[PDB]
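1. So I've got this experimental structure, pasted below with the sequence.
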Amino acid sequence: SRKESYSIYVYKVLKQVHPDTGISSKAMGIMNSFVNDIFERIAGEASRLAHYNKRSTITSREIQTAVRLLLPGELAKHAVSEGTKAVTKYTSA
Amino acid sequence: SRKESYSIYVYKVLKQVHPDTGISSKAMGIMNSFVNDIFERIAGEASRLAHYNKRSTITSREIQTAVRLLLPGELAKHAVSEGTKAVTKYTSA
Amino acid sequence: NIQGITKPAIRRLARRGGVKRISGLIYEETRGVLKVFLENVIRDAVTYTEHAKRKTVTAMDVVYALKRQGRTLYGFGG
Amino acid sequence: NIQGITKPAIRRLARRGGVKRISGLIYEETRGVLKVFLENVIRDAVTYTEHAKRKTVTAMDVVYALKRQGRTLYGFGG
Amino acid sequence: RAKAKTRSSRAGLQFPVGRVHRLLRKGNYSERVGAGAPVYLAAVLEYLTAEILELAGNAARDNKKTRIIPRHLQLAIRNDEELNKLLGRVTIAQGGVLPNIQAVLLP
Amino acid sequence: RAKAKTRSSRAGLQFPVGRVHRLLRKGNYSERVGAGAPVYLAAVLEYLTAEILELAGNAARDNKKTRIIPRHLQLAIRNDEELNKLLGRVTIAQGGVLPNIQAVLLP
Amino acid sequence: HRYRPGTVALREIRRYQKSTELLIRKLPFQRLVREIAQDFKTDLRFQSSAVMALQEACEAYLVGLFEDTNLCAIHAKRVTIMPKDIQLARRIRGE
Amino acid sequence: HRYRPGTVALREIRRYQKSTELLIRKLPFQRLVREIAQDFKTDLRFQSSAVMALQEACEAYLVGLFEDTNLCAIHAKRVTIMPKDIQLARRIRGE
DNA sequence: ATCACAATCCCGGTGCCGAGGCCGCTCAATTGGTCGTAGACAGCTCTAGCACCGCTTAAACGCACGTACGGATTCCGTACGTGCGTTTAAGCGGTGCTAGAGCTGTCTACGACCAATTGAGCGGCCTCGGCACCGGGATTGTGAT
DNA sequence: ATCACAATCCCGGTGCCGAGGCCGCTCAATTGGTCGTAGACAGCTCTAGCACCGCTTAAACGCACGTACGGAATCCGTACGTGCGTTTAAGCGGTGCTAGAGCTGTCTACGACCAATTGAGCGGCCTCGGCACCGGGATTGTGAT
């Protein structure tokens, strides 16, 4: 039985910010729980925003607004920059 | 622009429990907010239960479990009785 | 505008809270606490307004902001 | 079984909480508080187990129960 | 065809089963909704409303009033341990508070 | 046809855009999901993970360790006002607490 | 005739705990709301009910805080609320 | 040699605030969990990780409560925690 | 105590406005039929939960003793509450102007969906390096003297 | 202060086991095409938000005064912390047994969906009764005397 997780991606990001630093299985479990939790919070807020505005589609605008409502202070500022940069790069393939 | 509300049903129930008692518009607004809030809580918990158990359908079982998790003490006991009685009566038309 | 929250008003709020005696430094402390609370709620309410592309903060925007900060308000459309 | 939560264990928990001095009546009070907390979480965890038609409470059942009581736990599959 | 019979009347309820079903189907809760789910949910909502209204009407009668106002609803909810717990993080507009003075403050 | 290019590589991300898209579509959030929504969400998740991991790796190096453990994650989150606020109601298993003694208790 | 300190205070508690009316003047509160919102977005309009919703929530929040602040004062064997009581209540509440 | 009352207590604070290990014995805690669950459902089995998850949450909750209880004691000019401090902390927390 | 007295409460006696009911209509719920798949159920497989036992120290416990902390008492000045005269501005009503909320029609680009292809991501496995720990020496704060 | 000394810390020196990488494969993501409708946009309509002004008292304010409360100092007994010898049972390792978790195949009843019909529920309107309030008399607690 295969159980999907964000372990591979957390490790990829760790090797970018700290090339010589590893991670324990317990710490990896914390990171997996963290990603899943934040995903739920953002997606749930984006869902509410769409419903409040009588819209049937969750777009990058809903995600951006959810990020501003949930992430505190500069966390929101930098997260919005990252999301906007990614969408721009993706649209130019 | 028509805006649906539970006002008619709250009044029907009020006339059953208190035939000579009326209700102010402000108090009616509180009751409407209450029904909407409880609806969201129960439906949201039922949604989580279905997803946790890898099910695609919200049935009376999910609603019953949500009621047990949200309503405190005898509120849950009596609410479950009411829900079960209604489903039984409905299935026998 | 924060001074519009006068000492008598703060005293009335304390009386409803069952407070019998009040120190003179409480009025400035209360004004600061109220400012923080209002800023938090208004920030979120304006975010909802901007997302709706509106120029008018609605009661619904406020209700949603209160709901997400765990201060659900009944009586204003939810 | 509540007596298995010994005075030394409660003292250790208080030390991690930064407590220097402890009254003798705190041990019984703490046991009562812990019992209430455990009952609340276990009740919900068992509800999830019964809904899944299982006879074994899983770590996920506990995680869900904690999450809905506003005590999200990281490290046990969510 | 046969005369239209509402699902509410089939369940013996005053609350709308058909509307509750639509709200569940369009509320992004699940892919499918069972036939008994709206019936069960409607009955629970009805039971809770009846409980609050009965307690609020009693509070109105105790205040020599014939109409329920937010004050009566607040009195009914805060004077009931279970309703108070259910509506713990809820503010009733124009509901006020329970008359409560600490004994040490008394003359 | 053309060689398969992942949406993650198109967005310059390490996090999976395709998986995030599926989780949004099957998570009962909305009827439809825009093409940019998973890209935006994946980038935000990646940014947050990078922030915590960078701060946790620093804590590991300060403890003369080469592997991050739950303690290092707890240190990184509780020592940052914004991360602490975001994860206020969160318990890190085997994370422990911040060394803090009230000044009045000191000899 | 002069009422002893505390008598009129307790009479005011009884009166305000029986009433449900708003205790902050509406016009000054509206000015504060508009002044605070200006820092988030300029030329902002406000529905009358939006300002009323804000006022109801703020008053409820402050009354609730004053209740917990009072408990802190009584805990320190005082009948007078002080800033340290407000600070403790907020800290324990997580604010 | 005899350490003055308080010296070893502060040494224990330093040691336990630096460690992350569980402070309740595992076997007694498991017995309590099983005894409490018996009242909800009979013949209940428990995953080893389920009991561990419960233990981690309970210890975190009690440590957090002891932190707030300490603040209440200091507020009353005491260095000793008493049941009244636990009661106040829980009341303000909404428990 | 006894009496003034100041504030609240209780009760008729009226204005008035919103609860409450009705009416027309429409849009959303019901009836009926049709079809695809979610889930219940039966059977099987094997994971991991339970039971238990025998040691082996670490932890718990029970008590002895001393002292520092909690609480009761005392005193005293000033920061509060209460009251009153004076100023301020909230509230109300009225009037006028206009931004922008809300809605409708139109039309297109975008998202769902489906088939075909394919490569990332999963488990399974395997193995060296990080780390836990042991021991021993240095370091360092604590306390009697 | 000076010195014992008891506890912690820091650092080599080893076992060991889990982080970490690889491998095979498959299932889920990507490519490509196809089609229906969500939403953006333009235009229009009119609601309600804003601005303002002129009174009219209620509220706010500033101050005077007295006293009750907050806090500082004092004393004292005992409930705590610390230490030590003795008991208890947690932890660990090992072994055995089996409930029940997890999975797969099958098959059917149930839910989605669509067209047709229709009746509950919406706004709009309208109007009497509940209630807010005014005033006046009784009630009642508070405080000087």
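-> Yep, that arrived. Numbering: from 1, shown residues only, chains lettered A, B, ... in the order given.
2. show me what contacts the closest residue to residue A:93 other than its chain neighbours?
-> Spatially, and ignoring its direct neighbours in sequence, residue A:93 is nearest to residue F:10 (5.3 Å; C-beta to C-beta, 6 or more residues apart in numbering or on different chains). Backbone N, C-alpha and C define where each C-beta goes, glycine included. By C-beta atoms under 8 Å, 6 or more residues apart in numbering or on different chains, residue F:10 lies in contact with A:89-90, A:93, F:17.
3. And for residue E:36?
-> Remark: with contacts taken as C-beta under 8 Å, 6+ apart, residue E:36 is in contact with B:59-60, B:87, B:90-91.
4. Check the contacts of residue F:10 and tell me the two furthest apart.
-> A:93 and F:17 (12.7 Å; C-beta to C-beta).
5. Looking at the two, which one has more neighbours?
-> residue F:17 (25 against 9; other C-beta atoms under 10 Å in any protein chain shown).
6. so how far is residue H:21 from the residue nearest to the more buried one when sequence neighbours are not counted?
-> The shortest distance from residue F:17 to any non-neighbouring residue, by C-beta to C-beta, 6+ apart, is to residue F:7 (3.7 Å). Distance of residue F:7 to residue H:21, computed by C-beta to C-beta, to the nearest Å: 44 Å.
7. now do residue E:27
-> As judged by C-beta to C-beta, residue E:27 and residue H:21 stand 45 Å apart.
8. Also residue C:51?
-> Distance from residue C:51 to residue H:21, counting by C-beta to C-beta: 47 Å.
9. Looking at the two, which is more packed in?
-> residue C:51 (20 against 9).
10. Report the contact partners of that one.
-> A:49, A:53, A:61-62, A:65.
11. from memory residue E:76 sits against residue E:83, does it?
-> Yes. At 6.9 Å, residue E:76 counts as touching residue E:83 under the criterion of C-beta atoms under 8 Å.
12. Now do the shared contacts for the two.
-> With C-beta under 8 Å, 6+ apart, residue E:76 and residue E:83 have common neighbours E:52, E:55.
13. Which of the two has more residues huddled nearby?
-> Taking other C-beta under 10 Å, residue E:76 and residue E:83 do not tie; residue E:76 has more neighbours (23 against 19).
14. Phi, psi for that one please.
-> When read as degrees, to the nearest 10, the backbone of residue E:76 gives phi -60, psi -40.
15. how about the closest residue to it other than its chain neighbours, what does it touch?
-> Nearest residue to residue E:76, sequence neighbours excluded (C-beta to C-beta, 6+ apart): residue E:55, at 3.5 Å. By C-beta under 8 Å, 6+ apart, the contact set of residue E:55 is E:76-77, E:79-80, E:83.
16. what ranges do the helices span in chain E?
-> In chain E, the helices defined using DSSP state H lie at E:7-11, E:17-25, E:36-62, E:70-78, E:81-86.
17. my bad, should have said chain C
-> With DSSP H, the ranges of helices along chain C come out as C:7-16, C:26-51, C:59-68.
18. Deepest-packed of those helices, please.
-> Here the criterion is mean neighbour count by mean count of other C-beta atoms under 10 Å in any protein chain shown, and of the helices of chain C the winner is helix C:59-68, at a mean of 23.
19. Run the chain-centre distance for that one.
-> Chain-centre distance of helix C:59-68: 12 Å, with C-alpha atoms, centre = their mean, to the nearest Å.
20. near chain A, anything from that helix?
-> Yes. Helix C:59-68 lies within reach of chain A by C-beta under 8 Å from any C-beta of the partner chain, at C:60, C:64, C:68.
21. which of those lies closest to chain E?
-> residue C:68 (11.8 Å; C-beta to the nearest C-beta).
22. Centre-most residue in the chain?
-> Picking chain A for this. Nearest residue to the geometric centre of chain A (C-alpha atoms, centre = their mean): residue A:39, 5.8 Å.
23. could you do chain G instead?
-> Centre-nearest of chain G using C-alpha atoms, centre = their mean is residue G:62, 3.2 Å out.
24. wait, that one sits on residue C:32?
-> No. Counting by C-beta under 8 Å, residue G:62 stays clear of residue C:32, with 11.9 Å between them.
25. how far away is residue E:4 from residue E:12?
-> 17 Å.
26. again, but for residue E:5
-> Distance from residue E:5 to residue E:12, by C-beta to C-beta: 12 Å.
27. which residues touch the closest residue to chain A within chain G?
-> Per C-beta to the nearest C-beta, the residue of chain G with the smallest distance to chain A is residue G:40, at 10.9 Å. Contacts were defined as C-beta under 8 Å, 6+ apart; by that measure residue G:40 touches C:42-43, C:46.
28. three-state assignment of it?
-> coil (DSSP: H, G, I helix; E, B strand; the rest coil).
29. if we can go back for a sec, columns distance to residue H:30 on top of the helices of chain C, output as TSV?
-> TSV is the format used below for these (distance: least, C-beta to C-beta, whole Å):
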stretch	distance to residue H:30
helix C:7-16	49
helix C:26-51	43
helix C:59-68	39
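30. Pull up the residues of chain E that are close to DNA strand I.
-> For chain E, the residues in contact with DNA strand I (C-beta under 7 Å from any atom of the strand) are E:1-8, E:16-19, E:21-22, E:32, E:67.
31. What is the nearest of these to residue B:8?
-> Lowest distance from residue B:8 to those (C-beta to C-beta) belongs to residue E:16, with 8.7 Å.
32. hey, where'd the helices end up in chain G?
-> With DSSP H as the criterion, chain G has helices spanning G:7-18, G:26-38, G:48-75, G:83-93.
33. right, so those: which one is the most enclosed?
-> Among the helices of chain G, helix G:48-75 has the highest mean neighbour count (mean count of other C-beta under 10 Å), at a mean of 22.
34. burial measure for residue E:49, as a count.
-> 23.
35. Identify the spatial nearest neighbour of it, chain neighbours not counted.
-> Nearest one to residue E:49, counting by C-beta to C-beta, 6+ apart, is residue B:13 at 5.1 Å.
36. Report the separation between the one you found and residue D:66.
-> Residue B:13 is 36 Å from residue D:66, by C-beta to C-beta.
37. burial of residue E:97, as a residue count?
-> Counted with other C-beta under 10 Å, the neighbours of residue E:97 add up to 19.
38. Residue G:63 is in contact with that one, correct?
-> Yes. Counting by C-beta under 8 Å, residue E:97 does reach residue G:63; the two are 6.2 Å apart.
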